[PDB]
Amino acid sequence: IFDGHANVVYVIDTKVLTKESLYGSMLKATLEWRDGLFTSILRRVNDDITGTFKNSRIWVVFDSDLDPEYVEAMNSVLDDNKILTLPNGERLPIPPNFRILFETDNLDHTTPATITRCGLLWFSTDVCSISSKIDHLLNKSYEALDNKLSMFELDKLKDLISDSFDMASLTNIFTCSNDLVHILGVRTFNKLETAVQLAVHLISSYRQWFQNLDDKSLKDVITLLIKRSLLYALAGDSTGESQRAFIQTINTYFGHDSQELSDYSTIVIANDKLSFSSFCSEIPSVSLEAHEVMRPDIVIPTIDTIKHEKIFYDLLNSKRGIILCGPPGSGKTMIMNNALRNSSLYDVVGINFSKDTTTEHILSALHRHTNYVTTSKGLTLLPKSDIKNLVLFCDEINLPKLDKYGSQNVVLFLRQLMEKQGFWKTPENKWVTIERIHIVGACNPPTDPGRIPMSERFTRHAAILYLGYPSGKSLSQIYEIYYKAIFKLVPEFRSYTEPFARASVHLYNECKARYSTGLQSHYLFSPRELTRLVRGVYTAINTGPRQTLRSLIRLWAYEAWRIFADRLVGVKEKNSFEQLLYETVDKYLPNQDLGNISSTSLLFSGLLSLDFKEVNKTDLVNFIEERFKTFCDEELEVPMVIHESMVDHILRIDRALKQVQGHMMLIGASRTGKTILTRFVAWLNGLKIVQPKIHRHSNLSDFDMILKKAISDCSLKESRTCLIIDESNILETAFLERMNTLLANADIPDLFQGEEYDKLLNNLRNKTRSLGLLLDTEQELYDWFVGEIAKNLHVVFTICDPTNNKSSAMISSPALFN
Amino acid sequence: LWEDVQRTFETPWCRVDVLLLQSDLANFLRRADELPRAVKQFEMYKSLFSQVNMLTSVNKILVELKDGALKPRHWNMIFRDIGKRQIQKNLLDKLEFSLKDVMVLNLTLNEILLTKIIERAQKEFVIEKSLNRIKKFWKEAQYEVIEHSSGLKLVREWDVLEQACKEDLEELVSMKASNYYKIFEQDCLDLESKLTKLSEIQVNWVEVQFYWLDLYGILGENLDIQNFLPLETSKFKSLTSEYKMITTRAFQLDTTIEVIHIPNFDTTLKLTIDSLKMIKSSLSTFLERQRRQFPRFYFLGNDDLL
Ligand SMILES: Nc1ncnc2c1ncn2[C@@H]1O[C@H](COP(=O)(O)OP(=O)(O)O)[C@@H](O)[C@H]1O
Ligand SMILES: Nc1ncnc2c1ncn2[C@@H]1O[C@H](COP(=O)(O)OP(=O)(O)O)[C@@H](O)[C@H]1O
């Protein structure tokens, strides 16, 4: 404005775009030099004169943190000679009108020579007050909503908003908020924007009911809403009881003249009455079916469940990126899935981030539900495909590892998507704007080993929500529902549902308390363990015959052993768990008819009969001996000995293999028979065994085609294979991440394209038609392939001592433990 | 009904498939109960039921034998060792022999010999399938070429097909170790020769394209150096013409594997690459001579001085 010179701006994120994409590169077939973004825009500005550049000022900013290598091609540009030094072709001159910017916060990987050559500007403090920031945010929201909504109602609501909260008490609120423990916390100056955006959006959501009520009640409800929004945005990372403390705090400091904010406060607005008061204690009952024990799309309503559902839905409707925090057993992924799939406005894209997930993988994931359209405002676009909003669920954002100079590149890519609402097309070298594709993610606290602390930029731009273990009582009701569903099979003991759930919850709490990482770093217990054991009980009952009370208690205890104690070391810990089960049963069960309940005194297997039941020791020993004799007859002849411990391990492996997910972690020491006992048990059920063949130069491709052919055999012909993977087999990190993905997910996310995708599609066609199945829905074909691979694949891990660093990485991996 | 059964036996070995056979046997079993009592009292029902139950018993062995593993030599030795009989060699080569001749071998009792024969056939089939891949893969898989300054047809993204041929060699040389693969040993060696000639052809095409485009940015457009090296420029132009003829021949050939079948091809590639190397050496000598003619040129570098 001062000079009347036009402004030219180009925002580029460094770590997102590599050198051959930023500056271009020669082709290693004809040395044809590709342009690259920076060189292309420089060419457009300099060579082309149709655009106005003599009169204008051209400005280029590198928002992402910069490394010397990128400016190693710019140091000459940074030097006083003022000429671009291309690896090939002529050297592009640069005019004084072509200014260059760099923006960052870390100077560890910057040469002092660059500091000398550049002009350094430092910000040692905040640039604005809290109140001024808030006022600017309200002005931004007002101008964002004015061009869409009615102006008079906007005037009324914005006047009431300005006269609703005063900065004086807000200062006390924020100061006390700083005096509170946060998880991945950032300063309140960052969460201000989230709070104000959420508040303004949600108050705009109730526009239709703002004309027929008294202005006093409107002020009351607006204060209620602003209090709720400040609570949820500011303290969304709080423990939850500290959330109650902050509720009381803001109730005290903020004006009491309006309707007061409560813990479980909500408004059920309906066009029948002026329903705007506080509503609470509205949990509904849900009746389910027996077979619905394991469908990963099952959630049970609780007060915390519905509250988190509503908050997440509100903030997605607030159009803001959201990031989730919680313990590994907090249940984030599936509660999020249940919150998102049932929605009539949002589409699920569940993508699991890896140790390194390239950006074009995310680009393809978007392609599967988006398209490229060309308009005048943004030229090329990448908007939605259908009408419902598209939201991608990135998973474990802290899992990817930084580069050699720090910072995770595709994390900054996500920052680019959710900050500037678009990115740069690397071959097209033109900016593309997205149309409201929201970003959702979940990550464990960085206090968990193997999690990199997250950059404050990304956390600031999104909002944080922390959800922990839902107390002890809530687990009691949810597993009481699970147990009534599981007792639908056997109506004899319907009223005994409560004692089982109470005992299970108490046992889980005692397992958490007794065993911790102080002994070793895998004593983690989660409600996932309880869900697994209730599934085990369900499978045992469904496969087993009618059970008396004593039989039901015995099988419950056996599944408790197989879920909890099988990960325990020593015998002192084992007998401690044993006696723990004694007092748990005695407290939570009136029936005293069981005998010894120890591992040796429990012998439950379905290998000796069609029905899963307790069986004689001697008969099982004889059966195993006969099968081993058959092994010596036909299978590998090794001097082998049968004992009680290996028989117990055979029972455990058979139970694990009969599970729907035969993903097994077998941890011990070498020369113990594990890698051949697994073969023995696999042949007992007549499976197929594949062992990878590795070498000193075995790349990723070897395991790639071995795993692909194993998957195809499990799918094309339903071979029902079992996979044995050893510590020797794991040496690189590439197929490490491949195995982690195939475990956490169920399919291959990076090879099912092109000819592979087409052969998968036609193979599904052929198999469905041969089996007489009419299934032809492409997405449902993908889901059925997931089901087939889940139903037919079982992988077991044979590992050396956990003290090994590779073994430590194996046991400490999130998916492998999960 | 019995006519359908006799038709199924008389249908040739290649003309019967396990899925169609299973469907036909299911139809026979379903329609067996629909026969009136008079037919069942007659010997037709007895014969048909015995034959269909017999075929049901030998369903799995037929599934094992119906894979692509088995070659006519395997069936020849099956008939010689088991049935002590032979089928006309012309009919045996095309795999057209009645299922009755298959069944008179008593597949159930002699299942072990057929099982080991099928095992050897599958050991050879592991090789055979990989053979088929290259067979049809490189059959076409031509090199995508474009136009540069109205000149030669330079291949685009050629490194991917280069690597494809390289891995095809790796797999062809690794499949040479097998228990039952001595059938196509002459074919295997023929494929090895074809792909080795192609490998040398490719490792020289990469070099000749590289050097030809290097010197093409040096000669052919700027007449100053062309006059400075008249003999070298003339040699480069002649090599350009002959290599243009070679590229046109190989590109309208439209068959990558058949490229070796063009006579005086590898020799042309060898002489071309040797002449290009000599031309580049002479050019470097001229560059060094000019640099000695003017000491300050050593700062400018090769590209700037050119
Ligand atoms: N409200 C709920 N409804 C159903 N299951 C729940 C609920 N809360 C917790 N769970 C159980 O607790 C377990 C914890 O899951 P978790 O391992 O935290 O998933 P992730 O870490 O992938 O988000 C889940 O397996 C789930 O079955
Ligand atoms: N229960 C057992 N009785 C006898 N020998 C055993 C037993 N368990 C393991 N072995 C010995 O271990 C070898 C088999 O290797 P294995 O123990 O399966 O390796 P790892 O336990 O490291 O996977 C055999 O040579 C055998 O002598």
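Looking at the PDB entry, one finds chain B named Dynein heavy chain, cytoplasmic, with Saccharomyces cerevisiae as its source organism.

Naming follows the PDB entry, where chain A appears as Dynein heavy chain, cytoplasmic of Saccharomyces cerevisiae.

Here we come to the overall build of chain A. For chain A, the helix and strand inventory stands at 30 helices and 18 strands. For chain A, whose C-alpha radius of gyration is 31 Å, the value lies close to the compact-globule estimate of 28 Å for 818 residues. Expressed as lengths along the three principal axes of its C-alpha atoms, the size of chain A is roughly 95 × 75 × 55 Å. Within the span of chain A, comprising 818 residues, buried residues form 47% of the whole. Long-range pairs, those at least 24 residues apart, make up 72% of the contacts in chain A between residues at least 6 apart in sequence. In chain A, the 90 positive side-chain charges and the 100 negative ones have mean positions that sit 2 Å from each other.

Let us now look at the overall build of chain B. The secondary structure content of chain B amounts to 16 helices and zero strands. Overall size of chain B, expressed as C-alpha extent along the three principal axes, is 115 × 35 × 35 Å. Taken across its 306 residues, chain B has 40% of its residues classed as buried. For chain B, the accessible surface area stands at approximately 17,200 Å², while carbon and sulfur atoms represent 58% of it.

Quick look at the nonpolar core now. Counting 58 residues, the largest nonpolar core has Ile12, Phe38, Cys394 and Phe413 of chain A as the members making the most contacts within it. With seven residues, helix α15 (residues 409–420) of chain A is the largest single contributor of residues to this core.

Another aspect to go through is the site of ligand 2. Residues and elements named next belong to chain A. By nearness alone, every residue bordering ligand 2 is listed as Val638, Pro639, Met640, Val641, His643, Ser670, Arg671, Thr672, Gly673, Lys674, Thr675 and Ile676. Between a nitrogen atom of ligand 2 and a main-chain N or O atom of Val641, the distance comes to 3.2 Å. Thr672 is positioned such that a nitrogen or oxygen atom in its backbone is 2.8 Å from an oxygen atom of ligand 2. In isolation ligand 2 offers 550 Å² of accessible surface; the protein chains occlude 73% of this area.

Attention now moves to the packing of aromatic side chains. Here a ring pair, both rings aromatic, is described through the centre-centre distance and the interplanar angle of the planes. Considering all chains together, one arrives at 43 aromatic pairs over all chains under this definition. Pairing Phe631 of chain A with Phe680 of chain A gives two aromatic rings, centres 4.8 Å apart and planes at 55°, and the pair type is tilted. In this pair, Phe631 of chain A sits in helix α22 (residues 617–634) while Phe680 of chain A sits in helix α24 (residues 674–684), placing the two residues 49 residues apart along the sequence. Overall, the relative accessible area of 10% leaves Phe631 of chain A in the buried class. Three or more aromatic residues joined by ring pairs form one cluster here, namely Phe137, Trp138, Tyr143, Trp158, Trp205 and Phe265 of chain B. Over the aromatic face of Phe189 of chain A sits the side chain of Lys133 of chain A, whose NZ or CZ is 3.1 Å from the ring centroid.

Attention now moves to the site of ligand 1. All names here are of chain A. Contacts to ligand 1 come from 16 residues, most closely from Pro328, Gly331, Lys332, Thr333 and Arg528. In the environment of ligand 1, an oxygen atom lies 3.0 Å from a nitrogen or oxygen atom belonging to the backbone of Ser330. At 3.4 Å from an oxygen atom of ligand 1 is found a side-chain nitrogen or oxygen belonging to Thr531. Breaking the shell around ligand 1 down by element, the ones donating at least two residues are α13 (332–341) and α19 (527–543). Partitioning the shell around ligand 1 into residue classes produces seven nonpolar, seven polar and two charged.

Another aspect to go through is the side chain of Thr370 of chain A. Residues and elements named next belong to chain A. Looking at where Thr370 falls in the secondary structure, it is placed in the loop between α14 (359–367) and β6 (373–374). Given the relative accessible area of 10%, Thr370 is considered buried. Every residue in contact with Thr370, bar those within four places of it in the chain, is listed here: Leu382, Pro383, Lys384, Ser385 and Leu390.

With that settled, the discussion passes to the side chain of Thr497 of chain A. All names here are of chain A. Here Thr497 lies in helix α18 (residues 497–514). Polar side-chain contacts of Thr497 include one of 3.1 Å to the backbone nitrogen of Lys484. Apart from residues lying up to four places away in sequence, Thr497 is in contact with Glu480, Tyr483, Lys484 and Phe487.

Here the focus is the sheet that holds strand β17 (residues 721–726) of chain A. Residue and element names in this part refer to chain A. Taken in spatial order, the four strands of this open sheet run β15-β18-β17-β16, and their pairing is parallel. Bordering the open sheet on either side are β15 (662–667) and β16 (688–690), each of which pairs with just one other strand. Neighbour-to-neighbour, the strand axes of the sheet open up by a mean angle of 20°, direction not taken into account. In this sheet, strand β18 (residues 794–799) lies alongside β17 in parallel orientation, the contact comprising five bridges. Following the sheet pairing, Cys722 is matched in β18 by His794.

Residue and element names in this part refer to chain B. Viewed as axis vectors pointing N to C, helix α10 (residues 158–174) and helix α11 (residues 185–216) meet at an angle of 150°, and their least axial separation amounts to 10 Å. The orientation of α10 with respect to α11, classified from their angle, is roughly antiparallel. In this structure, the crossing between α10 and α11 has a hand that is left-handed. Contacts between α10 and α11 pair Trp158, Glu162, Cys165, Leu169, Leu172 and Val173 from the former with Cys188, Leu191, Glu192, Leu195, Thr196, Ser199, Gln202, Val203, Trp205, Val206 and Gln209 from the latter. A per-class count over the contact of α10 with α11 returns eleven nonpolar, four polar and two charged.

Attention shifts here to the sheet that holds strand β5 (residues 346–352) of chain A. All names here are of chain A. Strand order in this open sheet of five strands is β5-β8-β11-β4-β12, and the pairing throughout is parallel. The sheet is open, and its two borders are formed by β5 and β12 (463–466), each paired with just one other strand. When strand polarity is set aside, the average angle formed by the axes of neighbouring strands in this sheet is 20°. The sheet contact formed by strand β4 (residues 322–325) and β12 spans four bridges and is parallel. Counted as the bridge partner of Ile322 is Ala463 from β12. Sheet contacts for α13: β4, β5, β8 (389–395) and β11 (437–443); angle to β5, the most-contacted strand, approximately 155°.

With that settled, the discussion passes to the environment of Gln592 of chain A. All names here are of chain A. Along the polypeptide, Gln592 turns up in the loop between α21 (572–588) and β13 (604–605). Each C-alpha atom of the pair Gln592 and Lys617 lies 23 Å from the other, and the pair is 25 residues apart in sequence. A distance of 3.2 Å separates a polar atom in the side chain of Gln592 from a polar atom in the side chain of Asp586.

Below, the discussion takes up helix α14 (residues 266–293) of chain B. Helix length check: α14 of chain B, at 28 residues, gives a terminal C-alpha distance of 40 Å against a target of 40 Å (1.5 Å per residue), a fit within 8%. Tucked into the core, α14 of chain B has its buried residues touching α11, α12 (223–228), α13 (230–253), α15 (297–300) and α16 (302–305) of chain B.

To continue, consider the environment of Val660 of chain A. Residues and elements named next belong to chain A. Tracing the chain through its elements places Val660 in the loop between α23 (644–657) and β15. Look at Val660 and you get partly exposed, because its relative accessible area is 34%. For the pair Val660 and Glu637, spaced 23 residues apart in the sequence, the C-alpha separation amounts to 31 Å. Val660 has contacts with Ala790 and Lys791, leaving out every residue within four places of it along the chain.

All right, on to the pairing of strand β2 (residues 57–62) of chain A then. Direction of pairing for strand β1 (residues 7–12) of chain A relative to β2 of chain A: parallel, over a ladder of six bridges. For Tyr10 of chain A, the partnering residue across the bridge sits in β2 of chain A and is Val60 of chain A.

For side chains bearing opposite charge, pairing can occur when the charged atoms are close. All chains considered together, the criterion is met by 45 salt bridges over all chains. Note that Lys139 of chain B and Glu140 of chain B form a salt bridge whose closest N and O atoms lie 2.7 Å from each other. By relative accessible area, which is 41% here, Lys139 of chain B ends up partly exposed. On the accessibility criterion, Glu140 of chain B (38% relative accessible area) is partly exposed. A salt bridge links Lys280 of chain B to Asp214 of chain B, with the nearest nitrogen and oxygen atoms 3.4 Å apart. Linking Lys280 of chain B in helix α14 with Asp214 of chain B in helix α11, this pair joins segments that are 66 residues apart in sequence. We classify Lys280 of chain B as partly exposed; its relative accessible area is 28%. Linked by salt bridges that have partners in common, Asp63, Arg415, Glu419, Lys420 and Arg457 of chain A make up one network.

About the thresholds
- Residues numbered from 1 in each chain as written, not as in the entry; some residues may be left out.
- Chains lettered and ligands numbered in written order.
- Part of a larger assembly, values for the part shown.
- Heavy atoms only, no water.
- Helix = DSSP H or I, 4+ residues; strand = E, 2+ residues; numbered from the N terminus.
- Rg over C-alpha atoms; globule rule 2.2 N^0.38 Å.
- Buried < 20%, exposed > 50% of the residue type's maximum accessible area, 1.4 Å probe, protein only.
- Contact = heavy atoms within 4.5 Å.
- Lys, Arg positive; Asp, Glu negative; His and termini not counted.
- Charge placed at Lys NZ, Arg CZ, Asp CG, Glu CD.
- Areas by Shrake-Rupley, 256 points an atom, 1.4 Å probe, with all protein chains shown as cover.
- Core = buried A, V, L, I, M, F, W, Y, C linked by side-chain atoms within 4.5 Å.
- Near = heavy atom within 4 Å.
- Polar contact = N/O pair within 3.5 Å; in protein donor to acceptor, adjacent residues only side chain to side chain.
- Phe/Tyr/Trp six-rings, centres within 6.5 Å; stacked < 30°, edge-to-face > 60°.
- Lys NZ or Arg CZ within 6 Å of the ring centre and 35° of its normal.
- Nonpolar A, V, L, I, M, F, W, Y, C, P; charged D, E, K, R; others polar.
- Pairing = 2+ DSSP bridges.
- Axes fitted to C-alpha atoms, helices over the stretch in contact; angles between N-to-C directions.
- Parallel < 35°, antiparallel > 145°, perpendicular 65-115°, else oblique.
- Left-handed = near helix turned anticlockwise from the far one by under 90°.
- Expected span 1.5 Å × (residues − 1).
- Salt bridge = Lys/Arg side-chain N within 4 Å of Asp/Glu carboxyl O.

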